[PDB]
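Below you'll find the structure, written out as structure tokens, and then a few comments.
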Amino acid sequence: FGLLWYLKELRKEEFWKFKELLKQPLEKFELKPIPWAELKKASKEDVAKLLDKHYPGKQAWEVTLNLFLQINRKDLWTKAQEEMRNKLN
């Protein structure tokens, strides 16, 4: 779960916002939000698994990166893009 490598960097309040945003309408991608019942006491590892269950493929990364921007972690956005660009070489 390469997603978890970045998710682990969220501090407590940023992670709470991240989970709340996952349950709300995802208007930029017209995807279905994660049903709220599934995020009851979800740890960082659990969220990484839910992202891969619900938004497999590039979708999970698209969602996660967009949420990073909404919770003011553009540092993590930039790091994730850098990894993805390095994979294209």
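Note that we place each Cβ from the backbone using ideal geometry, even for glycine, and neighbour counts take in every protein chain shown. FYI, it's all coordinate maths here, none of it is from the lab.
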Check the stretch 29-43 and report whether any residue there is touching a residue at least 24 places away in the same chain (Cβ under 8 Å) and charged (D, E, K, R). no
Looking only at residues that are surrounded by 16 or more Cβ atoms within 10 Å (Cβ to Cβ) and either out of contact with any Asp or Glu (no Cβ under 8 Å at 6 or more places or on another chain) or free of Cβ contacts under 8 Å to residues at least 12 places away in the same chain (or both) in the stretch 1-13, which one is nearest to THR78 (Cα to Cα)? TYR6
Which residue, of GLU38, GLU83, is surrounded by fewer than 16 Cβ atoms within 10 Å (Cβ to Cβ), touching a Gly at 6+ places or on another chain (Cβ under 9 Å), assigned to a helix (DSSP H, G or I) and not small (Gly, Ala, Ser)? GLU83
Set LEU7, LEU26, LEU31: member being within 11 Å of the chain's Cα centre (by Cα) and not aromatic (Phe, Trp, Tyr): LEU7
Every residue in the stretch 51-77 that is surrounded by 11 or more Cβ atoms within 10 Å (Cβ to Cβ) and of a type in the set (S, T, N, Q), please. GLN59, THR64, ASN66, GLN70
Applying the selection to the stretch 43-80, what residues are among the aliphatic types (A, V, I, L, M) and in a helix (DSSP H, G or I)? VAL47, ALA48, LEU50, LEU51, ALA60, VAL63, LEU65, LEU67, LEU69, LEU76, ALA80
Does the stretch 14-28 hold any residues that are touching a residue at least 40 places away in the same chain (Cβ under 8 Å) and either basic (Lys, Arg) or farther than 19 Å from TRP77 by Cβ (or both), and which are they? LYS17
